[PDB]
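Presented as structure tokens, the chain that follows is alone, the form deposited in one PDB entry.
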């Protein structure tokens, strides 16, 4: 399953959209300047617990 497009680095948005929609017809393509947000790899086995000063769960745990 193809989930990354390293061949598109350096290419135009127009070329990137054409290639991505060929491989992933349902793609919802979002165009952002570098450094807008810090993306993160999704790990379906991982569950992060964010805890407070007393080691209680402070945010809703979710897979990723």
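Residue numbers count along the first chain shown, from 1.
What follows is about the form deposited in another entry, which we do not show.
Of the two rigid parts that shift between the shown form and the other one, one contains residue 28 and the other residue 43. Pairwise change in the other entry: residue 41 and residue 8 C-alpha atoms lie farther apart than in the shown form, at least 3 Å.
Between residue 45 and residue 24, the Cα spacing is smaller in the other entry than in the shown form, differing by no less than 3 Å.
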